[PDB]
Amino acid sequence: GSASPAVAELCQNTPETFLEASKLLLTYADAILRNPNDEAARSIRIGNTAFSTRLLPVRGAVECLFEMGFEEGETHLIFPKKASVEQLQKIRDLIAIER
């Protein structure tokens, strides 16, 4: 948690909002860690219902995706093939220990 700036920001939310956002964040990370060779898992459409309603309006949520290794484009957030899965796992754990 507090060891990460983005996670520390995410922690400033109320309990229900934190749990909802963190659950979705762990879902995205786990999909990649479960199959690092699947490109669908490496892209999140910004207009997607879950993203636009559970992360976009939440303090620190999108910042956590950035620390994981995702980068923002015009329509999607993308986790590059060059990105470190070790860094991804690191942020994933720092979020999980705060739930």
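For every residue, the number given is its place in the sequence shown, counted from 1.
Trainee: Got a sec? Mean C-alpha B-factor, which is higher, 18-26 or 81-89?
Mentor: Higher mean C-alpha B-factor: 81-89.
Trainee: Highest mean C-alpha temperature factor of the two stretches 70-78 and 49-57, which is it?
Mentor: So the stretch with the higher mean C-alpha B-factor is 49-57.
Trainee: Split the chain's modelled residues into thirds by Cα B-factor; is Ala40 in the lowest, middle or highest one?
Mentor: Highest third.
Trainee: Based on the deposited C-alpha B factors for this chain, I'd like to know if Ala3 is in the lowest, middle or highest third.
Mentor: Its C-alpha B-factor belongs to the highest third of this chain's values.
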